[PDB]
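Asker: Sequence, then structure. It's an experimental one.
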Amino acid sequence: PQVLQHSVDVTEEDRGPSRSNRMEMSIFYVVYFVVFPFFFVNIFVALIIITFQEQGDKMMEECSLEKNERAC
Amino acid sequence: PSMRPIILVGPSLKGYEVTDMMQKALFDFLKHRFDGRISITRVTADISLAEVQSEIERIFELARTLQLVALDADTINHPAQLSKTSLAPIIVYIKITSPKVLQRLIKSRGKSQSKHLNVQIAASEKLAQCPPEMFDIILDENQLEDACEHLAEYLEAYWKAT
Amino acid sequence: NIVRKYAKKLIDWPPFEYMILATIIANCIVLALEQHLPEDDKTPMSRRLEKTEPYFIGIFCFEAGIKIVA
Amino acid sequence: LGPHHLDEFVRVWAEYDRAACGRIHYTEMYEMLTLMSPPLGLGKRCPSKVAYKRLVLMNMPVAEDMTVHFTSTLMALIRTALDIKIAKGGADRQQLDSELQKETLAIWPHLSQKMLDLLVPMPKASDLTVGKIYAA
Amino acid sequence: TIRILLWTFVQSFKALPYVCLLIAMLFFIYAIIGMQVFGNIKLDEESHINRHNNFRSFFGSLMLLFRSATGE
Amino acid sequence: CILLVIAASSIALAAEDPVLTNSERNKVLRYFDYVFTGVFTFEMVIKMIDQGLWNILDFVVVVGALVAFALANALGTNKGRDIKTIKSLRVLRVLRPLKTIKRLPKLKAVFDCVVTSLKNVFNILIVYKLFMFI
Amino acid sequence: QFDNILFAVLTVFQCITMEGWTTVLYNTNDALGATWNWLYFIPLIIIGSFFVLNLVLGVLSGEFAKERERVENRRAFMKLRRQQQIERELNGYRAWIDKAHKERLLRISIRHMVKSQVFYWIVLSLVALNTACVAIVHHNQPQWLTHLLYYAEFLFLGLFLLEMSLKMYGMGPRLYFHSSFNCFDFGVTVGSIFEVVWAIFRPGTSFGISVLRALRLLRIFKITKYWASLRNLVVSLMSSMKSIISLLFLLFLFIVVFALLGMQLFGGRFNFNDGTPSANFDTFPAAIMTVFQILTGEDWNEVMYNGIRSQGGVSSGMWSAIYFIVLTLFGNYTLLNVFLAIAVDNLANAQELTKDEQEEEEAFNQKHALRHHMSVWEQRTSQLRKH
Ligand SMILES: CC(C)CCC[C@@H](C)[C@H]1CC[C@H]2[C@@H]3CC=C4C[C@@H](OC(=O)CCC(=O)O)CC[C@]4(C)[C@H]3CC[C@]12C
Ligand SMILES: CC(C)CCC[C@@H](C)[C@H]1CC[C@H]2[C@@H]3CC=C4C[C@@H](OC(=O)CCC(=O)O)CC[C@]4(C)[C@H]3CC[C@]12C
Ligand SMILES: CC(C)CCC[C@@H](C)[C@H]1CC[C@H]2[C@@H]3CC=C4C[C@@H](OC(=O)CCC(=O)O)CC[C@]4(C)[C@H]3CC[C@]12C
Ligand SMILES: CC(C)CCC[C@@H](C)[C@H]1CC[C@H]2[C@@H]3CC=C4C[C@@H](OC(=O)CCC(=O)O)CC[C@]4(C)[C@H]3CC[C@]12C
Ligand SMILES: CCCCCCCCCCCCCCCC
Ligand SMILES: CCCCCCCCCCCCCCCC
Ligand SMILES: [Ca+2]
């Protein structure tokens, strides 16, 4: 928010701010959030959940017949 | 005959751009890979009706030179439609394994063919219901390399046998 | 109360339910344009937009009536 | 069916064992299954013969006292519900039971042969199995 | 149902004694680093290296990394 | 026996005083630092005699210690701004807790699980780094 | 302060949301003593916030795997796996169409060159300079750069217009928009022209959509074995796009209603004698972007102190902590739920789609032309498919 506030309160190159000017520069920060914190970070959490391998499973075809529901 | 003639069929009716280009690409492969061993002939007479018989010995006398010939027919589009002649060709089948790819292919090939989609689809269905053993070779492969190697290896087997 | 021959269920035609979805989006823009000033103060624009409330109620109250009938 | 749907068997035993009758009499084998719900209990709504012959497919052995074993009873409910090496009938059922014993050792060798045969009864056919009791 | 969620998820924190030791070694390494490198900054209450938040001690810097890990 | 020197030297890092450089605690701990690095070298040399030429990380730590103890004890002065040199060569000692990653066959199996999971998200951590660049 | 029970289940809800949990910890170190307080707050952040992400991620992840195997959700995936088969085999069947004055003399050799493998590595070695020309524009950059990089648009805009022609007047206007990134190429070539014109009429803000051409460097993945994994992600994201767009729009109709409701309660009431904060509720653009602070949950704290002293103080006006609690609790876990369902449904599809290529194109045909390291998600979602 302190970067949103400065990015809104913006006037020109080598000029001090002016509050609530350029309030349309808050679209750069909702399009950034919808992409990187919401979408992309949840691609990382989901490529690790989806592609997670059991630590060690080398017990005769991993207990050839008896498996997760069958063994436990 | 000395060498069994090569005749291609299966996508759709000949004359349509789809089957025309399919066969012409396959024959370009045959030429530029086997350059100096196969002579390509274009046929405009109805072989099934055997000037009709004027070209049959012409095919023979290129087939009577210990060399393979590819038959660019333009009226035969069925295995049973040539079950009567004594040519005994090798029937390589350029197979399409789904109607949907067929409609997409014909539609994507301009708009002049788009007015003839239904008839080509019907003839392709008719070909599909034909029994598989009526074709000497099956080519349902997608990549040019795969079907080219398949046909090349079969022709190589024939050439080593004779 | 349950009287048939509504002649109202026939009114739920597709030209009729895309004007309610048009008055709602219009309504959602009037609410978007209002600015809230501290102590009974009102901007001149927000005094104009307060004149549309009888219309938006007029349409939304029409729908309840025509639906509780149909 | 999972370990969730199996603690019920531990629970439902308690209301009719009352810390005493672990050799529980076999009348409850129908009563217990109706009380419970699928996928462990048969259920009280539709006990239909094709549904119930799963219990006949679950050829639980009986002793001289018309009694069953808690450990043995628990496995047979598992084995039919999870379709673990379940055959249609005949000695081919026991042919897979040899594996049913064998597979256990390579996983849990800590079990003896009695408790192996407790987990895999391999009932002898001439005895009236629980399924055969109610099939007759 | 609240106890099985707790039981199931705390049993699987007991099957991974070493996964919460690479994380406790990340917090160890950084801590040490912050000590030698950031340890002699003079505390100024205007800044965020306060008397509360600093690198002057192992536990004073382990709290700085936990305060920072939790996004604060 | 090595693995306890690893875990006793890594606590000699957590006890040092960052501000009071020459406190009495730091004077003792700078006698331990010779003892701990003496063990590591005579665990490296016998290892490199009996194996021939992770072990780079061990190699760096022992050299970084000797170089620090050499140029500080030998002269320590007469070079431009060389107090910062040992102060930046002793930050290599922080790698001593990292020597235990491969000494424990079960901790190494967890480190190789993080690395193997950093390679699954790597063709998306390049798309992420390219969208974050646009 | 934990004065009451209602003042304590809000000071501890603040710390679990991990907003300002250190000012709470640093107050009770001054007030009481810094020896025992850490036993209250570290076990509270770990259990309350970290250990509840583990449960929420786990409970959600299992729920998304049980729903992927619903009959209504396999039926709509096999209908996606099918059109991927058609498109895959049709590509080979369009490869066979390999036809061997200026109507047929230039348009024959152009499309020969402009599809050659030395052409791609020219454009992608020339879009890797356009994305390093606009990567060095800093502030106060030397005067030679400002002019040098000023021509660097026109050299690149003109040249990328040159290759926009060879794909149009050498391969076809109608037969120009059949590829995805080929439509992307048009999207920014007109877009880059728009910046040029718009900057002459209004010098200043130059948001500059010509670095969007850097998205063609993603096609360097085609030369790697990581194209199937990545194309199947976009193929799955594009198929389920009317359900992501109509799901970002229900996450926007609940930001609006809330923003609206936030103006009714705190509109015009943030005129404090210090000055109205930047996180107002007075106008709609400022009410939307402070509900977006509370949803993403960062400094929902400070917006609540203003919203409490707005309606009174720590007094008859602290009933307004319900707005900032219901809204940072149902946006902390509703954005995670929505945006992880989008990223798990469309990412477990791109894991079976890229697996039914290797398991056909390298297992099914390679034979008929003559487990095995399955993750926990893959095994458990196959036992759930076999019921
Ligand atoms: C495929 C991904 C990587 C593309 C990401 C870019 C777009 C999705 C976003 C990112 C930044 C956004 C822009 C950020 C700011 C502005 C300026 C805004 O208008 C202004 O403020 C310009 C004039 C002025 O400053 O007065 C109009 C929307 C726009 C172009 C936004 C439109 C959407 C953009 C291009
Ligand atoms: C998932 C877990 C089991 C992995 C291992 C634990 C870690 C998550 C670390 C990161 C933050 C660490 C904490 C950061 C700060 C402190 C305060 C510290 O406090 C003191 O010694 C005195 C008071 C002060 O901090 O000033 C005691 C250790 C402790 C609780 C640390 C214990 C170990 C923690 C929880
Ligand atoms: C808590 C233990 C079990 C952890 C494992 C490591 C310990 C066996 C040893 C290894 C090195 C030891 C340190 C070596 C030297 C010193 C200096 C010693 O003397 C002082 O500096 C005190 C001076 C004063 O009284 O002001 C205080 C303990 C301490 C930090 C020792 C604390 C205990 C340590 C960490
Ligand atoms: C090929 C692409 C993907 C990467 C290109 C490199 C840029 C991402 C970075 C790397 C180094 C950066 C430079 C590092 C240091 C400086 C000095 C600094 O500027 C000054 O020296 C201040 C005075 C002035 O020149 O205005 C900031 C800009 C600049 C040129 C940076 C500009 C952007 C650069 C070239
Ligand atoms: C406050 C004076 C008028 C400001 C007008 C700004 C218009 C653009 C608003 C952008 C922020 C709202 C984004 C909505 C979607 C999240
Ligand atoms: C046929 C297109 C292939 C593209 C290959 C690279 C794709 C990388 C993933 C792109 C994800 C974009 C998400 C944008 C934000 C919603
Ligand atoms: Ca925060």
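Answerer: That came in fine, so what should we check first? Residues are numbered from 1 along each chain as shown, chains lettered A, B, ... in the order given. Ligands and ions are numbered 1, 2, ... in the order given.

Asker: after the longest helix along chain C, next one along is what?
Answerer: Longest helix of chain C, by residue count under DSSP state H: helix C:14-33. Remark: after helix C:14-33, the chain's next helix or strand is helix C:44-49, criterion DSSP states H and E.

Asker: what angle separates the helix or strand just after that next one from helix C:14-33?
Answerer: Per DSSP H and E, the first helix or strand lying C-terminal to helix C:44-49 is helix C:53-69. Interaxial angle of helix C:53-69 relative to helix C:14-33 (axes from the mean of the first three to the mean of the last three Cα atoms, to 10 degrees): 140 degrees.

Asker: And chain G, is helix C:53-69 touching that?
Answerer: No: using Cβ under 8 Å from any Cβ of the partner chain, helix C:53-69 stays clear of chain G, coming no nearer than 14.3 Å. No exception for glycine: its C-beta is placed from N, CA and C like everyone else's.

Asker: Right, and ligand 4 sits closest to which residue of chain B?
Answerer: Nearest residue of chain B to ligand 4: residue B:143, at 36.1 Å (Cβ to the nearest ligand atom).

Asker: got it, and chain F?
Answerer: Proximity to ligand 4, evaluated over chain F using Cβ to the nearest ligand atom, is greatest for residue F:133 at 7.0 Å.

Asker: ok, now which ones touch that residue?
Answerer: Contact criterion Cβ atoms under 8 Å, 6 or more residues apart in numbering or on different chains gives G:135, G:211, G:214 as the residues in contact with residue F:133.

Asker: ok, so of those, who is nearest residue A:27?
Answerer: For those, the residue nearest residue A:27 by Cβ to Cβ is residue G:211; the value is 17.3 Å.

Asker: on that earlier part again, dump the residue contacts of the residue of chain B closest to ligand 4.
Answerer: So, once contact is read as Cβ under 8 Å, 6+ apart, residue B:143 ends up touching G:92, G:95.

Asker: quick one, phi/psi of it?
Answerer: phi -70, psi 140 (degrees, to the nearest 10).

Asker: Next, find the distance separating it from residue B:150.
Answerer: Relative to residue B:150, residue B:143 is positioned 10 Å away (Cβ to Cβ, to the nearest Å).

Asker: Residue B:6 now?
Answerer: Distance, residue B:6 to residue B:150, using Cβ to Cβ: 14 Å.

Asker: same question, residue G:87
Answerer: 23 Å.

Asker: do the same with residue G:280
Answerer: Taking Cβ to Cβ, one finds residue G:280 at 73 Å from residue B:150.

Asker: Which one's more surrounded, the two?
Answerer: residue G:280 (24 against 17; other Cβ atoms under 10 Å in any protein chain shown).

Asker: contacting residues around the more buried one?
Answerer: G:270, G:286-287, G:290.

Asker: Which one of the residues you listed is nearest to residue F:44?
Answerer: For the contacts of residue G:280, the nearest to residue F:44 is residue G:290 (59.7 Å; Cβ to Cβ).

Asker: Where does the closest one sit: helix, strand or coil?
Answerer: Secondary structure, DSSP: H, G, I helix; E, B strand; the rest coil: residue G:290 is helix.

Asker: Next one: the nearest residue in space to it that is not next to it in sequence relative to residue A:1, how far apart?
Answerer: Counting by Cβ to Cβ, 6 or more residues apart in numbering or on different chains, residue G:290 lies nearest to residue G:279, which is 4.4 Å off, once chain neighbours are set aside. From residue G:279 across to residue A:1, the span is 7 Å (Cβ to Cβ).

Asker: higher neighbour count, the two?
Answerer: Of the pair residue G:279 and residue A:1, residue G:279 is the one with more neighbours under other Cβ under 10 Å, namely 23 against 17.

Asker: In chain A, what residue comes closest to ligand 1?
Answerer: For chain A, the residue positioned closest to ligand 1 under Cβ to the nearest ligand atom is residue A:28, at a distance of 3.7 Å.

Asker: Near that residue, how many other residues are there?
Answerer: 13.

Asker: sec struct for residue D:125, please.
Answerer: Going by three-state DSSP: residue D:125 is coil.

Asker: do you know how far it is from residue G:194?
Answerer: Distance, residue D:125 to residue G:194, by Cβ to Cβ: 87 Å.

Asker: Kindly report the same for residue F:103.
Answerer: 61 Å.

Asker: May I ask which of the contacts of residue F:133 has the most neighbours?
Answerer: Busiest of these [other Cβ under 10 Å] is residue G:214, holding 20 neighbours.

Asker: can you pull the contacts of that one?
Answerer: By Cβ under 8 Å, 6+ apart, the neighbours of residue G:214 are F:130, F:133-134, G:127, G:130-131.

Asker: What's the PyMOL syntax to select whichever of these are buried?
Answerer: The buried subset of those, as determined by 16 or more other Cβ atoms under 10 Å in any protein chain shown, is captured in PyMOL by this line:
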select buried, chain G and resi 127+130+131
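
Asker: and which of the contacts of residue G:214 is nearest ligand 1?
Answerer: For the contacts of residue G:214, the nearest to ligand 1 is residue F:134 (4.4 Å; Cβ to the nearest ligand atom).

Asker: right, and that closest one touches residue G:211 too?
Answerer: Yes: using Cβ atoms under 8 Å, residue F:134 is in contact with residue G:211, at 5.2 Å.

Asker: Give me the phi and psi angles of the residue nearest to residue G:290.
Answerer: phi -90, psi 70.

Asker: Look up how far residue G:18 lies from it.
Answerer: The spacing between residue G:279 and residue G:18, counted by Cβ to Cβ, is 19 Å.

Asker: Also residue G:188?
Answerer: As judged by Cβ to Cβ, residue G:188 and residue G:18 stand 40 Å apart.

Asker: Could you do residue D:90 as well?
Answerer: 65 Å.

Asker: what ranges do the helices span in the chain?
Answerer: Picking chain A for this. According to DSSP H, chain A carries its helices in the segments A:2-8, A:28-35, A:41-50, A:60-63, A:68-71.

Asker: right idea, wrong chain: chain B
Answerer: Assigned by DSSP H, chain B shows helices spanning B:17-33, B:56-63, B:99-108, B:117-128, B:144-161.

Asker: picking up where we left off before, so for chain E, which of the helices of chain A sits nearest?
Answerer: Minimum separation from chain E across those (Cβ to the nearest Cβ) falls at helix A:41-50, 12.8 Å.

Asker: Are that closest one and chain F in contact anywhere?
Answerer: Yes: using Cβ under 8 Å from any Cβ, helix A:41-50 reaches chain F at A:43-44, A:47-48.

Asker: closest point of chain B to ligand 5, which residue?
Answerer: Proximity of chain B to ligand 5 (Cβ to the nearest ligand atom) peaks at residue B:104, 39.5 Å away.

Asker: Could you find the closest non-adjacent residue to that residue?
Answerer: That would be residue G:90: by Cβ to Cβ, 6+ apart, it lies 5.8 Å from residue B:104.
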